[PDB]
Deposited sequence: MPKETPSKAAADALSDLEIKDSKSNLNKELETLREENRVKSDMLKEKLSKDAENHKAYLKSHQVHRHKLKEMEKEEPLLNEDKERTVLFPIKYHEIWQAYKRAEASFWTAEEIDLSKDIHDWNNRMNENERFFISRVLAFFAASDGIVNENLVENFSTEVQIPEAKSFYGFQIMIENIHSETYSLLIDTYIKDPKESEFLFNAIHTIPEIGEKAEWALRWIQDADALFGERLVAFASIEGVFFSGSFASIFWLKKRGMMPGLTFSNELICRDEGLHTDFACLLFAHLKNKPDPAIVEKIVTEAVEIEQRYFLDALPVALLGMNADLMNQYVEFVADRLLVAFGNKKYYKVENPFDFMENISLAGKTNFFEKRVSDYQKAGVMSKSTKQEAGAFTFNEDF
């Protein structure tokens, strides 16, 4: 019952709040920062109008001579990976859901799906900006391929849970998770607020594809090890692959930026993400529920962020290592 859940959250109530606190005074620490940099950020955001990645090269309509090979190469690498939800064999799955997965497992996973099927930016704040065809291609496909992800998670939810009676409780007891709110505030902070430099939004976006969900991906690769939910594992593999292709791209584009953000920010955006992500599992879904070690999970998310930081130019802040070998890929 909720009993164990309680014990489990309890074991990680201390660490949770250590974070739950360590975020709060970030809504302020921010107002503080911006307040005293009103002048500086103006200069940057003003020079923004001069980043090649952000201005049309009207000396071009040929629409081929490949100027940005590195980018293009990213488009092709992803155009070549197209896949639909109907390639997902979901047969042995329904079986393992009732005769192999215990009560604890049928819970963790159900919730982790409900998460995926919940979480404008890509299009309206990025695909619109960026004046190089090479990149627009990548983004278009990114938006298109992410819509297939969305279909997938629902198909899945809709395959395993056949009693909407539950499916309903499920989604009700999912919008009370303090993490959603916190994630929300994390976003209004670096993304939805104007006067928010492009380069900073790139770090926040890559953090959404590369950090804000690395915890669920691995949790599902764990089910692969104990050979189960074959269909899920398969979709969960293609998706992860994808969100990686996507994260890497942000990095690649960051690189073309001339006026990059202050390393401090790059590190702080990522960092605040990690903390909300770890807090996902030391509060809402305990990885213990499916045989995982909370300490190692926390450690992975840190690894993942660390990895991203280096991709961005900053330096490993965590300095932890890959606590999982099945995520070696």
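Missing from the model, relative to the deposited sequence, are the stretches 1 to 25, 145 to 149, 360 to 399.
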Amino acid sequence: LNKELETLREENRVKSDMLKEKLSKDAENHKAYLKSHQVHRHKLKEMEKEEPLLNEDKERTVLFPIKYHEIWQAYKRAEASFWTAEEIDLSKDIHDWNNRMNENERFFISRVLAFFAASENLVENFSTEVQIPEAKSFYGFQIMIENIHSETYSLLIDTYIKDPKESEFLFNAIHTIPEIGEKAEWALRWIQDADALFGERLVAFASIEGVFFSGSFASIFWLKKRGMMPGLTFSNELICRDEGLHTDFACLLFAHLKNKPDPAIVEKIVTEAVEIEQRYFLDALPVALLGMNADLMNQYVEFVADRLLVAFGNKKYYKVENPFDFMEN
From here on, numbers count along this sequence of modelled residues.
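The PDB entry reports B-factors from which the mean C-alpha value can be compared for 311 to 319 and 17 to 25; the larger average falls on 17 to 25.
Between the stretches 56 to 64 and 260 to 268, it is 56 to 64 that shows the larger average CA temperature factor. In the PDB entry, the Cα temperature factor peaks, among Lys224, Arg201, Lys136, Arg241, at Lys224. Across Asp89, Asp248, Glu120, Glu105, the greatest Cα temperature factor reported in the deposited entry is at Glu120.
Placement of the Cα temperature factor of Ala288 within the chain: middle third of the modelled residues, per the deposited record. Among the modelled residues of the chain, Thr128 sits in the highest third by CA temperature factor in this PDB entry. Ranked by C-alpha B-factor against the other modelled residues of its chain, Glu146 falls in the lowest third. In this PDB entry, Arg77 carries a Cα temperature factor that places it within the lowest third of its chain's modelled residues. For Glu185, the recorded CA temperature factor ranks within the middle third of the chain's modelled residues.
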